[PDB]
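To start, the structure itself, in C-alpha cells.
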Number of protein chains: 2
Amino acid sequence: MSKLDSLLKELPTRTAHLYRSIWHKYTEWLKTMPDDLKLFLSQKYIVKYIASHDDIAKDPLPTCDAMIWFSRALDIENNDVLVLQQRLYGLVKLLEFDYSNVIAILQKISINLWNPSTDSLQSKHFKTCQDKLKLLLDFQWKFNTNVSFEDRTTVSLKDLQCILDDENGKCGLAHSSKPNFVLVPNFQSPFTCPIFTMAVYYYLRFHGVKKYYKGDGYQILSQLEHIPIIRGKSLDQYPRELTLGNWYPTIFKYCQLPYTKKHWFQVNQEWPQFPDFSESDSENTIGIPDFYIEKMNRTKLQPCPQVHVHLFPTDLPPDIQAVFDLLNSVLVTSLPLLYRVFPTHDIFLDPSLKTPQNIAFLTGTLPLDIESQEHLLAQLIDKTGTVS
Amino acid sequence: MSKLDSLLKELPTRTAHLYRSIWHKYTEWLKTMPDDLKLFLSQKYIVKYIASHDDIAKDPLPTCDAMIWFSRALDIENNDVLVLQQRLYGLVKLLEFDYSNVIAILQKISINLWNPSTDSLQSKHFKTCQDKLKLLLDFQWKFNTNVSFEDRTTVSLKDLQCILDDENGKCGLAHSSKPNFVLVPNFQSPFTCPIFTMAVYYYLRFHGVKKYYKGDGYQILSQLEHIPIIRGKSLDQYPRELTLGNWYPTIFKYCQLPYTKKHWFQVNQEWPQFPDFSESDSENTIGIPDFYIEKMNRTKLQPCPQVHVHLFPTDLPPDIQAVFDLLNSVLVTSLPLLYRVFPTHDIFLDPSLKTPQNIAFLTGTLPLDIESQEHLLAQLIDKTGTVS
DNA sequence: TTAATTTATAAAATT
DNA sequence: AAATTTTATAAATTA
DNA sequence: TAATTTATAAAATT
DNA sequence: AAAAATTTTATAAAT
C-alpha cells in the first residue's frame with residue numbers, strides 16, 4: 001500500500017529490506033491465483049506459499065516473522081494476529097520436526113503389543129489380545145494425531161467421517177468435530193498403522209471370536225448414541241484415565257522405555273499438532289492441507305485398495321458403512337502378513353477365518369515380502385515359535 | 001533396428017508391446033543426450049533413465065527386464081548381460097528398500113556405544129571409550145556401506161579420498177579401490193553418523209589422551225605402508241575376525257537385540273549394495289550416482305561446514321590432510337552436542353579441551369536443539385547423571 | 001508452607 | 001461366579 | 001555331518 | 001621399564 005512504505009523506515013535497514021524482498025515474492029506469487037488489503041493475508045495463502053516452495057519450506061522463520069509483522073503492522077485484531085502466529089509456529093514444527101527419532105518408540109511397542117505371546121508380563125490386563133489392541137490403538141492414535149486424552153474420550157465414532165477419494169488417490173478417517181484430526185493407513189508398515197490396529201480390534205470387539213469372546217454385536221451401533229473408539233467396562237464409555245495410566249507404564253517397562261504420563265495423556269508441544277477449524281479436494285482433506293496429514297501420519301497418501309473379501313458386515317446404516325468398508329480394506333489387505341508373523345493371534349481362532357477360502361487367501365500371495373519386516377521383529381523381547 | 005522388429009514377433013503380443021513402448025520412451029529420451037547400436041545400452045544410460053523418472057523409479061522392474069531382453073536379444077556377451085542384470089536388481093533394492101525398519105537397530109546401538117557409563121555391562125572390553133568407538137565405527141561403517149568384513153580389512157586409509165565439492169555442495173569420504181563405497185556426514189544425527197564416530201575415534205587414536213594413555217602420534221602416517229581404518233593390537237593391521245565376532249554379540253545382548261554374524265561379517269543381500277567399477281560432478285561422486293549415496297547413507301547431501309577450530313593437525317602430507325580437515329569439520333561441528341549429552345566422555349578429559357576457549361564454545365551455541373535428540377537417548381539401558 | 005498431580009492401596013459394581 | 005474396571009482415597013511425587 | 005557359531009587353552013604384544 | 005592383560009593364535013566344543 002502507498003501508506004505502508006513509510007512504516008518500514010521505522011525498522012532496522014537490513015530487516016526492513018528482507019521484508020521488502022519477501023513481500024515482493026509473496027505478492028508476485030499471489031499474482032498466480034484468482035483473487036487487496038488484509039484478505040491478502042490469511043492462513044490459507046501464507047501456508048500454501050510456504051509449503052509449496054522448498055526454498056522457503058526449509059527456512060520458514062524469517063518469512064513467518066515478516067508476515068506477523070505485515071499483519072499487525074496493518075489493522076488486524078491482536079488476538080487474531082496471535083492465532084495466526086500460533087498456526088505459523090505449528091506449521092514450522094511440522095515441517096522441520098524430524099520424526100526419525102521418535103519412531104523407534106512406536107515400533108518398539110507396536111510390535112511387542114501385537115505379539116500374542118508375551119511371557120514376560122504377568123500382568124492381568126493384556127491377558128487377551130483385545131486388551132493389547134485396545135491400548136495400542138489408543139497410543140498409536142495419540143502418536144499419530146497428537147491429541148489430548150479427555151478429547152480422545154470426547155469423540156463419538158458416529159462423528160467419524162470416512163475419506164474415500166479415488167479421484168485424488170486418498171483414504172482415511174477424519175473428524176471435523178471438536179478434536180480436529182485425520183488418520184491415514186500405512187500399508188508399508190501395517191503393525192505401526194493405527195487403523196489396521198483398529199480393524200483387528202474392532203473385529204474382536206464386534207464380531208467377537210466364537211467359542212471364546214462374545215462380540216458386542218454390531219446391532220448396538222443403532223440403539224446407542226455415543227460409541228467410544230475404545231470401550232471400557234461399559235459399552236457406551238471410553239475407559240477411565242487412571243486405568244490407562246496403569247496399562248501404560250506396564251507396557252513401557254516390558255519394552256524397557258522410559259515413561260512420562262504427560263506425553264500420552266496431554267498434548268505434547270515439542271510435537272506437531274493439527275490446526276483447528278470453526279469431503280475433500282486435491283490439496284486438502286477435511287479442513288487440512290495434505291502435507292499436514294502425510295507428515296503427522298508419516299506416510300504418503302494412497303487410494304483405498306479394493307479387496308473382494310468381507311470380514312466386516314456389508315449391511316449397515318449408510319453413515320458407518322463407508323468406515324467399516326475402509327477397515328475391511330485395510331484388515332483384509334494386511335491380514336496375510338499378520339498370519340505369517342503371528343499365526344497364534346486371537347483373530348485366527350475364529351472359525352470364520354477357518355473356512356477353506358479364508359485359509360486360501362491367508363495362504364496366498366504376501367502383501368509385501370517378509371524381508372521388509374525383519375527389523376521390526378528384531379525389536380521385541382519374546383521370540384515366538386517362528387524365528388526369522 | 002531394421003532386423004530387430006522380427007524378434008518381437010517371437011514373444012507374447014502383450015509383452016512384445018510393453019517392450020515396444022518402453023523402447024520408444026527410452027530412445028525418445030536419449031535424443032536428449034549427445035550420442036551406433038550396443039553402445040547405446042550401457043548401465044550408465046539405463047540407470048540414469050530409470051532413476052531420473054519418478055514414474056519408472058516407482059516401478060523399475062518391467063523396464064529392467066525389457067532391457068535385459070533387448071540386450072541379450074542382440075549380441076551382447078552372456079556374463080556381461082548377467083552383470084547388467086546384477087546392477088539393475090541392485091538398483092531396484094536400492095530404490096525400493098525401506099530403511100524405516102532396519103533403523104532402530106543402528107540407533108538403539110550407537111547411542112549406547114557412545115554412552116561413557118555402562119553399568120548394565122560388566123564386560124572388560126569396551127571399558128575405554130576407544131573400544132566402544134572402534135566397534136561402533138565398524139558397525140556404522142558396514143550399516144552404511146554394506147561391505148564384507150574381509151574387504152573392510154583390505155582398505156588402507158591412504159586409499160581414501162576426501163570429496164569436498166562446494167560448487168555442488170557435497171562432502172564425504174570415498175573409495176574407488178577394491179571395495180567401492182562413499183560415506184557422508186549425517187549432521188542431523190551425529191551419533192548415528194559414522195564419520196563423526198571416526199572423528200572422535202581418531203582423535204582418541206592419534207592425539208591420544210594426556211595423562212591416561214599414549215598418543216599413537218600423527219607421524220606414523222608416513223612411515224607405515226598400510227593404515228587400517230581401525231587398529232587391533234598391531235599398529236598396521238585391522239583387528240582379527242574372531243575378536244570383532246566376540247565384541248558384537250556382547251554389545252547386542254547388552255542392547256537386547258538379536259544377533260546374526262552373517263549380517264555384519266558378510267554381504268547382506270536383502271540389503272542394498274554399491275556398484276562395482278573397473279573427483280565427482282553434479283550428479284555422481286566417485287563412479288556413483290548421488291541417489292545411491294544419499295539413500296545408503298540415509299542423509300541428504302551437503303557442503304562441508306567451515307570451522308574456525310582445529311583439533312586435528314593443520315600440518316601433514318597433502319594426501320591425508322583433506323581427509324582430516326573433513327574429520328575436523330564434523331568433529332568440531334557436533335562436539336558441543338556430545339558435551340551436552342555425555343560430558344563424562346573420555347575426549348573431554350584431554351587438557352587441550354580444557355582451554356579457556358575450547359570450553360568457551362563447547363558451552364556456546366548448540367548445533368541442533370536437544371529436544372531433537374530426546375528419542376535417541378530414550379533407547380539406552382543406562383541413564384546417566386544428566387537426565388532429559 | 002498451599003497447590004496441583006502422578007502413583008500407590010481398598011472396598012464396590014458390572015460386565 | 002471371578003475378577004478388575006471403576007470409584008474412592010491416601011501417599012508421594014512437585015510446583 | 002556338512003558347516004557355521006561358540007566356547008576354552010597356551011601364546012605373544014601392547 | 002617390567003609386569004598386566006587381552007588380542008591373539010590355536011583348538012575343542014556345540015549349535
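Starting from 1 in every chain, residues are counted up; chains themselves are A, B, ... following the order of the C-alpha cells, and ligands are numbered from 1 as listed.
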
Mind fitting chain A to chain B by least squares on all Cα atoms in order and giving back the moved coordinates as a CSV table (one decimal) with C-alpha atoms, in the first residue's frame?
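Here's the written file selection.csv:
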```csv
chain,number,residue,atom,x,y,z
A,1,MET,CA,16.7,-51.5,-35.8
A,2,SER,CA,15.1,-52.6,-39.0
A,3,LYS,CA,16.2,-56.2,-38.2
A,4,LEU,CA,14.9,-55.9,-34.6
A,5,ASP,CA,11.1,-55.7,-35.2
A,6,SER,CA,10.8,-59.3,-36.4
A,7,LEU,CA,12.1,-60.6,-33.0
A,8,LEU,CA,9.1,-59.2,-31.1
A,9,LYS,CA,6.6,-61.4,-33.0
A,10,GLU,CA,8.3,-64.3,-31.1
A,11,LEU,CA,7.0,-62.9,-27.8
A,12,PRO,CA,3.5,-62.9,-26.2
A,13,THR,CA,1.6,-60.0,-27.9
A,14,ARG,CA,1.1,-58.1,-24.6
A,15,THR,CA,4.7,-58.0,-23.4
A,16,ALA,CA,6.0,-57.5,-26.9
A,17,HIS,CA,3.8,-54.5,-26.8
A,18,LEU,CA,4.9,-53.0,-23.5
A,19,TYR,CA,8.5,-53.5,-24.7
A,20,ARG,CA,7.6,-51.5,-27.8
A,21,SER,CA,6.3,-48.7,-25.5
A,22,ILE,CA,9.2,-48.8,-23.0
A,23,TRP,CA,11.5,-48.7,-25.9
A,24,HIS,CA,9.8,-45.7,-27.5
A,25,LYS,CA,10.1,-43.8,-24.2
A,26,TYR,CA,13.7,-44.7,-23.5
A,27,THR,CA,14.7,-43.6,-27.0
A,28,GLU,CA,12.6,-40.5,-27.2
A,29,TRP,CA,14.3,-39.6,-24.0
A,30,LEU,CA,17.8,-40.6,-25.2
A,31,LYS,CA,17.2,-37.9,-27.8
A,32,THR,CA,17.8,-35.6,-24.9
A,33,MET,CA,21.5,-36.4,-24.7
A,34,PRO,CA,24.5,-35.8,-27.0
A,35,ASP,CA,25.2,-39.4,-28.2
A,36,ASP,CA,23.4,-46.5,-32.3
A,37,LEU,CA,23.2,-50.2,-31.8
A,38,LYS,CA,24.5,-51.4,-28.4
A,39,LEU,CA,26.2,-48.4,-27.0
A,40,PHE,CA,22.7,-47.1,-26.6
A,41,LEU,CA,22.4,-49.7,-23.9
A,42,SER,CA,25.0,-49.3,-21.1
A,43,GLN,CA,24.4,-49.2,-17.4
A,44,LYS,CA,25.0,-45.4,-17.3
A,45,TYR,CA,22.0,-44.4,-19.5
A,46,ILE,CA,19.6,-47.1,-18.3
A,47,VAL,CA,20.3,-46.2,-14.7
A,48,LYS,CA,20.0,-42.5,-15.3
A,49,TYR,CA,16.7,-43.0,-17.1
A,50,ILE,CA,15.2,-45.1,-14.4
A,51,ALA,CA,16.3,-43.0,-11.4
A,52,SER,CA,15.4,-39.7,-13.1
A,53,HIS,CA,11.8,-40.7,-13.7
A,54,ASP,CA,9.5,-41.1,-10.7
A,55,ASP,CA,7.0,-42.9,-12.8
A,56,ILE,CA,9.7,-45.4,-13.7
A,57,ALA,CA,11.5,-45.2,-10.4
A,58,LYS,CA,8.5,-46.5,-8.4
A,59,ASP,CA,8.0,-49.5,-10.7
A,60,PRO,CA,11.4,-50.3,-12.3
A,61,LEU,CA,11.0,-54.0,-12.9
A,62,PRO,CA,9.2,-54.3,-16.2
A,63,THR,CA,11.7,-51.8,-17.5
A,64,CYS,CA,14.6,-53.8,-16.3
A,65,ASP,CA,13.3,-57.1,-17.8
A,66,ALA,CA,12.8,-55.2,-21.0
A,67,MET,CA,16.3,-53.9,-21.1
A,68,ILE,CA,17.8,-57.3,-20.3
A,69,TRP,CA,15.8,-58.6,-23.2
A,70,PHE,CA,16.7,-56.0,-25.8
A,71,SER,CA,20.3,-56.5,-24.7
A,72,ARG,CA,20.5,-60.3,-25.0
A,73,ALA,CA,18.0,-60.1,-27.8
A,74,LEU,CA,20.9,-58.3,-29.5
A,75,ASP,CA,24.6,-59.3,-29.8
A,76,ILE,CA,25.9,-58.9,-26.3
A,77,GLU,CA,28.1,-61.2,-24.2
A,78,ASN,CA,26.2,-63.5,-21.9
A,79,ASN,CA,28.3,-62.8,-18.9
A,80,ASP,CA,28.0,-59.1,-19.8
A,81,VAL,CA,24.3,-59.0,-20.0
A,82,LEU,CA,24.2,-60.9,-16.7
A,83,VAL,CA,26.5,-58.4,-15.0
A,84,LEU,CA,24.0,-55.8,-16.2
A,85,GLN,CA,21.2,-57.7,-14.6
A,86,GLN,CA,23.2,-57.8,-11.4
A,87,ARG,CA,23.5,-54.1,-11.5
A,88,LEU,CA,19.8,-53.6,-12.3
A,89,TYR,CA,18.6,-55.7,-9.5
A,90,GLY,CA,21.0,-53.9,-7.2
A,91,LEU,CA,19.5,-50.6,-8.4
A,92,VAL,CA,16.0,-51.7,-7.5
A,93,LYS,CA,16.9,-53.1,-4.1
A,94,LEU,CA,18.3,-49.6,-3.5
A,95,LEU,CA,15.3,-47.7,-4.8
A,96,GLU,CA,12.6,-49.8,-3.2
A,97,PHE,CA,14.4,-50.9,-0.1
A,98,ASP,CA,12.9,-49.2,2.9
A,99,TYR,CA,15.5,-48.5,5.6
A,100,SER,CA,12.8,-47.2,8.0
A,101,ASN,CA,12.8,-50.6,9.5
A,102,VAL,CA,16.5,-51.5,9.9
A,103,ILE,CA,17.2,-48.0,11.3
A,104,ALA,CA,16.2,-48.6,15.0
A,105,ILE,CA,18.9,-51.2,15.3
A,106,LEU,CA,21.5,-48.6,14.3
A,107,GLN,CA,20.0,-46.0,16.6
A,108,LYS,CA,19.6,-48.6,19.5
A,109,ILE,CA,23.3,-49.3,19.7
A,110,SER,CA,24.9,-46.2,18.3
A,111,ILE,CA,23.6,-44.3,21.3
A,112,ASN,CA,24.4,-47.1,23.9
A,113,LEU,CA,27.9,-47.2,22.4
A,114,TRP,CA,28.5,-43.5,22.8
A,115,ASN,CA,27.3,-43.5,26.4
A,116,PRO,CA,30.6,-43.5,28.3
A,117,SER,CA,28.7,-44.8,31.4
A,118,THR,CA,27.6,-48.3,30.8
A,119,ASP,CA,27.2,-50.1,34.1
A,120,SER,CA,25.3,-53.0,32.7
A,121,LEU,CA,28.4,-54.5,31.0
A,122,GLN,CA,31.2,-56.0,33.0
A,123,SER,CA,32.9,-57.0,29.9
A,124,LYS,CA,36.5,-56.3,29.9
A,125,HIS,CA,36.5,-54.9,26.3
A,126,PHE,CA,34.8,-51.6,26.0
A,127,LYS,CA,36.4,-50.6,29.3
A,128,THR,CA,37.5,-47.3,27.6
A,129,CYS,CA,35.5,-45.2,25.2
A,130,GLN,CA,38.0,-46.1,22.5
A,131,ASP,CA,37.0,-49.7,22.4
A,132,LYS,CA,33.4,-48.6,22.1
A,133,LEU,CA,34.1,-46.2,19.3
A,134,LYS,CA,36.2,-48.8,17.5
A,135,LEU,CA,33.5,-51.3,17.4
A,136,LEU,CA,30.7,-48.8,16.7
A,137,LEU,CA,32.8,-47.4,13.9
A,138,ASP,CA,33.2,-50.8,12.3
A,139,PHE,CA,29.4,-51.5,12.6
A,140,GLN,CA,28.2,-48.1,11.5
A,141,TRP,CA,30.6,-48.6,8.6
A,142,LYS,CA,29.1,-52.0,7.5
A,143,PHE,CA,25.6,-50.6,8.1
A,144,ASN,CA,26.2,-47.7,5.7
A,145,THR,CA,28.5,-49.2,3.1
A,146,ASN,CA,27.3,-52.9,3.2
A,147,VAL,CA,30.8,-54.4,2.9
A,148,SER,CA,32.4,-57.7,3.5
A,149,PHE,CA,34.6,-57.9,6.6
A,150,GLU,CA,37.8,-59.2,5.0
A,151,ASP,CA,37.4,-56.3,2.5
A,152,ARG,CA,36.9,-54.0,5.5
A,153,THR,CA,40.4,-55.0,6.7
A,154,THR,CA,41.8,-54.8,3.1
A,155,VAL,CA,41.4,-51.0,2.9
A,156,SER,CA,44.4,-48.9,3.7
A,157,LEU,CA,43.5,-45.4,5.0
A,158,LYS,CA,46.0,-43.8,2.6
A,159,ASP,CA,43.8,-45.2,-0.1
A,160,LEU,CA,40.9,-43.1,1.1
A,161,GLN,CA,40.0,-40.0,-0.9
A,162,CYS,CA,38.3,-36.9,0.5
A,163,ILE,CA,35.4,-35.5,-1.5
A,164,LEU,CA,35.1,-31.8,-1.0
A,165,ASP,CA,33.1,-30.2,-3.7
A,166,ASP,CA,31.5,-26.9,-2.8
A,167,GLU,CA,30.5,-26.3,-6.4
A,168,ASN,CA,27.9,-29.0,-5.9
A,169,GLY,CA,27.7,-28.9,-2.1
A,170,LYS,CA,29.3,-32.2,-1.4
A,171,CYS,CA,31.6,-33.8,1.2
A,172,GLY,CA,32.6,-37.3,2.0
A,173,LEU,CA,35.2,-40.1,2.2
A,174,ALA,CA,35.5,-42.2,-0.9
A,175,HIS,CA,37.3,-45.4,-1.9
A,176,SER,CA,37.7,-46.2,-5.6
A,177,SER,CA,40.0,-49.1,-4.8
A,178,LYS,CA,39.0,-52.8,-4.2
A,179,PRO,CA,36.1,-52.0,-1.9
A,180,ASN,CA,34.0,-49.5,-3.8
A,181,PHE,CA,32.1,-47.2,-1.4
A,182,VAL,CA,31.3,-43.6,-0.4
A,183,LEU,CA,30.7,-42.3,3.2
A,184,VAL,CA,28.8,-39.1,3.9
A,185,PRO,CA,28.3,-37.0,7.1
A,186,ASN,CA,25.0,-37.0,8.8
A,187,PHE,CA,24.8,-33.6,10.5
A,188,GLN,CA,21.2,-34.1,11.5
A,189,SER,CA,22.1,-37.3,13.5
A,190,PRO,CA,25.7,-37.1,14.5
A,191,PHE,CA,25.5,-40.1,16.8
A,192,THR,CA,24.4,-42.5,14.0
A,193,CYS,CA,27.0,-40.8,11.8
A,194,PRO,CA,30.0,-43.2,11.1
A,195,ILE,CA,32.4,-40.2,10.4
A,196,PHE,CA,31.7,-38.2,13.4
A,197,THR,CA,32.4,-41.5,15.1
A,198,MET,CA,35.6,-41.9,13.2
A,199,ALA,CA,36.6,-38.3,14.1
A,200,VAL,CA,36.2,-38.9,17.8
A,201,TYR,CA,37.8,-42.3,17.6
A,202,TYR,CA,40.7,-40.9,15.6
A,203,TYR,CA,41.3,-38.0,18.0
A,204,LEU,CA,41.6,-40.6,20.8
A,205,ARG,CA,43.6,-42.9,18.6
A,206,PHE,CA,46.2,-40.4,17.4
A,207,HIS,CA,46.2,-37.3,19.7
A,208,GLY,CA,45.4,-39.6,22.6
A,209,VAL,CA,44.3,-38.2,25.9
A,210,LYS,CA,47.1,-36.7,28.0
A,211,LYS,CA,47.6,-38.2,31.4
A,212,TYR,CA,45.3,-41.1,30.4
A,213,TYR,CA,45.9,-42.9,27.0
A,214,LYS,CA,48.9,-42.5,24.8
A,215,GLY,CA,48.0,-41.3,21.3
A,216,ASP,CA,49.8,-43.2,18.6
A,217,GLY,CA,51.1,-39.9,17.3
A,218,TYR,CA,50.4,-38.8,13.8
A,219,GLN,CA,54.0,-39.3,12.8
A,220,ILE,CA,53.4,-42.9,11.9
A,221,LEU,CA,51.2,-41.8,9.1
A,222,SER,CA,54.4,-41.6,7.1
A,223,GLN,CA,56.7,-44.4,8.3
A,224,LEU,CA,53.8,-46.9,7.8
A,225,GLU,CA,52.6,-48.4,4.5
A,226,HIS,CA,49.2,-49.7,5.6
A,227,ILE,CA,47.0,-47.7,8.0
A,228,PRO,CA,44.0,-49.8,9.1
A,229,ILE,CA,40.8,-47.8,9.6
A,230,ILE,CA,40.6,-49.4,13.1
A,231,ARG,CA,43.6,-50.8,14.9
A,232,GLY,CA,44.0,-54.1,16.8
A,233,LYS,CA,46.9,-54.9,19.1
A,234,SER,CA,49.4,-54.1,16.3
A,235,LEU,CA,49.7,-50.6,14.9
A,236,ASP,CA,49.6,-51.7,11.2
A,237,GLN,CA,46.8,-54.3,11.3
A,238,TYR,CA,43.0,-54.4,11.5
A,239,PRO,CA,41.7,-56.4,14.5
A,240,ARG,CA,41.3,-60.1,14.0
A,241,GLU,CA,37.8,-61.4,13.1
A,242,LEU,CA,36.9,-63.7,15.9
A,243,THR,CA,37.8,-60.8,18.3
A,244,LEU,CA,35.1,-58.7,16.7
A,245,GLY,CA,32.8,-61.6,16.6
A,246,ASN,CA,33.1,-61.6,20.4
A,247,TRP,CA,32.8,-57.8,20.7
A,248,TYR,CA,29.6,-57.9,18.7
A,249,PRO,CA,27.3,-60.3,20.5
A,250,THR,CA,28.4,-58.6,23.8
A,251,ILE,CA,26.9,-55.3,22.7
A,252,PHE,CA,23.8,-56.9,21.0
A,253,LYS,CA,22.9,-58.7,24.3
A,254,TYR,CA,23.5,-55.4,26.2
A,255,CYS,CA,21.1,-53.7,23.8
A,256,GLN,CA,18.8,-56.8,23.7
A,257,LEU,CA,18.7,-57.2,20.0
A,258,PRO,CA,19.0,-60.5,18.2
A,259,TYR,CA,22.4,-61.2,16.6
A,260,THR,CA,23.4,-62.9,13.4
A,261,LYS,CA,27.1,-62.9,12.6
A,262,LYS,CA,26.6,-63.4,8.8
A,263,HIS,CA,24.8,-60.0,8.7
A,264,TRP,CA,27.9,-58.0,9.8
A,265,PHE,CA,30.8,-60.2,8.8
A,266,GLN,CA,29.6,-60.8,5.2
A,267,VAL,CA,27.6,-59.0,2.5
A,268,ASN,CA,23.9,-58.9,3.4
A,269,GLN,CA,21.9,-59.4,0.1
A,270,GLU,CA,18.4,-58.5,1.3
A,271,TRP,CA,20.4,-55.3,1.7
A,272,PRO,CA,21.5,-52.7,-0.9
A,273,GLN,CA,25.1,-52.5,-2.2
A,274,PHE,CA,27.4,-50.2,-4.2
A,275,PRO,CA,28.1,-51.3,-7.8
A,276,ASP,CA,31.7,-52.1,-8.7
A,277,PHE,CA,34.0,-50.2,-11.2
A,278,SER,CA,37.1,-51.3,-13.0
A,279,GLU,CA,37.1,-36.4,-7.8
A,280,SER,CA,33.4,-35.9,-8.7
A,281,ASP,CA,30.8,-34.2,-10.8
A,282,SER,CA,27.2,-32.8,-10.5
A,283,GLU,CA,25.4,-36.1,-10.5
A,284,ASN,CA,28.1,-38.6,-9.5
A,285,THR,CA,30.9,-38.8,-7.0
A,286,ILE,CA,33.6,-41.4,-7.4
A,287,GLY,CA,32.2,-43.8,-10.0
A,288,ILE,CA,28.7,-43.7,-8.4
A,289,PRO,CA,25.4,-41.8,-9.0
A,290,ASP,CA,24.6,-39.7,-6.0
A,291,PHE,CA,21.2,-41.3,-5.3
A,292,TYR,CA,23.1,-44.4,-4.4
A,293,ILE,CA,25.1,-42.5,-1.8
A,294,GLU,CA,22.2,-40.5,-0.4
A,295,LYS,CA,20.1,-43.6,-0.1
A,296,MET,CA,22.7,-45.9,1.5
A,297,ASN,CA,24.0,-43.2,3.8
A,298,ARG,CA,20.4,-42.1,4.2
A,299,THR,CA,21.1,-38.4,4.3
A,300,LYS,CA,20.9,-35.5,1.8
A,301,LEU,CA,24.3,-34.5,0.4
A,302,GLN,CA,25.7,-31.3,1.9
A,303,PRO,CA,28.8,-29.0,1.5
A,304,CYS,CA,31.5,-29.3,4.2
A,305,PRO,CA,30.8,-26.6,6.8
A,306,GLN,CA,33.7,-24.3,7.6
A,307,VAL,CA,34.8,-24.4,11.3
A,308,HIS,CA,37.5,-22.0,12.6
A,309,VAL,CA,38.7,-24.4,15.3
A,310,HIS,CA,41.4,-27.1,14.8
A,311,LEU,CA,41.5,-30.2,17.0
A,312,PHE,CA,43.4,-32.1,14.2
A,313,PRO,CA,46.8,-31.1,12.9
A,314,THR,CA,47.0,-28.6,10.1
A,315,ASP,CA,50.5,-29.7,9.2
A,316,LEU,CA,50.6,-33.0,7.3
A,317,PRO,CA,51.3,-34.8,4.1
A,318,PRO,CA,48.9,-33.3,1.4
A,319,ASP,CA,47.4,-36.8,0.8
A,320,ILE,CA,45.9,-37.3,4.3
A,321,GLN,CA,45.3,-33.6,5.1
A,322,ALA,CA,42.0,-33.1,3.2
A,323,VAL,CA,40.6,-36.1,5.2
A,324,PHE,CA,41.7,-34.8,8.6
A,325,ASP,CA,40.3,-31.4,7.7
A,326,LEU,CA,37.0,-33.1,7.0
A,327,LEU,CA,37.1,-35.1,10.3
A,328,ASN,CA,38.0,-31.8,12.0
A,329,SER,CA,34.9,-30.2,10.4
A,330,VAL,CA,32.5,-32.9,11.5
A,331,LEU,CA,34.0,-33.3,14.9
A,332,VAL,CA,34.1,-29.6,15.7
A,333,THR,CA,30.6,-29.2,14.3
A,334,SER,CA,28.9,-31.8,16.4
A,335,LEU,CA,31.2,-31.7,19.5
A,336,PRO,CA,29.1,-29.2,21.3
A,337,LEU,CA,26.2,-31.6,21.2
A,338,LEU,CA,28.3,-34.6,22.4
A,339,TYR,CA,29.3,-32.4,25.4
A,340,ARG,CA,25.7,-31.5,26.4
A,341,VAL,CA,24.7,-35.2,26.3
A,342,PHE,CA,27.8,-37.1,27.5
A,343,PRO,CA,30.0,-34.5,29.2
A,344,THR,CA,31.5,-37.5,30.9
A,345,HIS,CA,33.0,-38.7,27.7
A,346,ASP,CA,36.7,-39.6,27.5
A,347,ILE,CA,37.4,-36.9,24.8
A,348,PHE,CA,36.6,-34.1,27.2
A,349,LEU,CA,39.2,-35.2,29.7
A,350,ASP,CA,42.0,-34.0,27.5
A,351,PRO,CA,43.4,-30.7,28.7
A,352,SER,CA,43.3,-29.5,25.2
A,353,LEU,CA,39.6,-29.4,25.4
A,354,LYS,CA,40.0,-27.7,28.8
A,355,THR,CA,41.3,-24.3,27.5
A,356,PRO,CA,39.2,-21.2,28.2
A,357,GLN,CA,38.4,-21.1,24.5
A,358,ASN,CA,37.5,-24.7,23.7
A,359,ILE,CA,35.4,-24.5,26.8
A,360,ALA,CA,34.0,-21.3,25.4
A,361,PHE,CA,32.8,-23.0,22.1
A,362,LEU,CA,31.6,-26.2,23.7
A,363,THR,CA,29.4,-24.0,25.8
A,364,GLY,CA,28.3,-21.7,22.9
A,365,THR,CA,25.3,-22.1,20.6
A,366,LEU,CA,24.1,-25.7,20.0
A,367,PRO,CA,24.4,-27.3,16.6
A,368,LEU,CA,20.7,-28.4,16.7
A,369,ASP,CA,18.3,-28.1,19.7
A,370,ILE,CA,18.3,-31.1,22.1
A,371,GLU,CA,14.5,-31.6,21.7
A,372,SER,CA,15.6,-33.2,18.5
A,373,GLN,CA,17.6,-36.1,20.1
A,374,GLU,CA,15.0,-37.0,22.8
A,375,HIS,CA,14.0,-40.2,21.1
A,376,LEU,CA,17.6,-41.1,20.5
A,377,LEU,CA,18.3,-41.0,24.2
A,378,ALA,CA,15.1,-42.9,25.0
A,379,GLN,CA,16.7,-45.9,23.4
A,380,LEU,CA,19.4,-46.8,25.9
A,381,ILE,CA,19.4,-49.0,29.0
A,382,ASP,CA,21.6,-46.8,31.4
A,383,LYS,CA,20.3,-43.3,32.1
A,384,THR,CA,23.2,-41.0,32.9
A,385,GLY,CA,23.5,-38.3,35.5
A,386,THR,CA,21.7,-36.0,33.1
A,387,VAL,CA,18.1,-37.2,32.5
A,388,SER,CA,16.0,-35.5,29.8
```

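Within range 147-267 of chain B, residues classed as strand (DSSP E) by DSSP on backbone coordinates are residues 161, 162, 163, 164, 165, 170, 171, 172, 173, 174, 175, 181, 182 and 183 of chain B.
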
Take the residues from that selection and put them in a file with C-alpha atoms, as a PDB file, in the first residue's frame.
```pdb
ATOM      1  CA  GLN B 161      39.862 -39.767  -0.985  1.00  0.00           C
ATOM      2  CA  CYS B 162      38.156 -36.802   0.595  1.00  0.00           C
ATOM      3  CA  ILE B 163      35.425 -35.299  -1.543  1.00  0.00           C
ATOM      4  CA  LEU B 164      34.868 -31.613  -0.941  1.00  0.00           C
ATOM      5  CA  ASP B 165      32.806 -30.094  -3.706  1.00  0.00           C
ATOM      6  CA  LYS B 170      28.970 -32.160  -1.384  1.00  0.00           C
ATOM      7  CA  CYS B 171      31.338 -33.726   1.142  1.00  0.00           C
ATOM      8  CA  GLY B 172      32.346 -37.244   2.092  1.00  0.00           C
ATOM      9  CA  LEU B 173      34.986 -39.967   2.204  1.00  0.00           C
ATOM     10  CA  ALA B 174      35.310 -42.001  -0.980  1.00  0.00           C
ATOM     11  CA  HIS B 175      36.980 -45.265  -2.048  1.00  0.00           C
ATOM     12  CA  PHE B 181      31.996 -47.034  -1.438  1.00  0.00           C
ATOM     13  CA  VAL B 182      31.240 -43.440  -0.395  1.00  0.00           C
ATOM     14  CA  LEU B 183      30.484 -42.183   3.163  1.00  0.00           C
TER      15      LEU B 183
END
```

Check which residues of chain D sit at most 9 Å from chain A using only C-alpha atoms (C1' of nucleotides), and return one row each with the closest pair of atoms and their distance in Å to one decimal, ordered by chain and rising number, as a tab-separated table.
```
residue	atom	partner	partner_atom	distance
D:4	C1'	A:125	CA	8.6
D:5	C1'	A:233	CA	5.6
D:6	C1'	A:240	CA	7.8
```
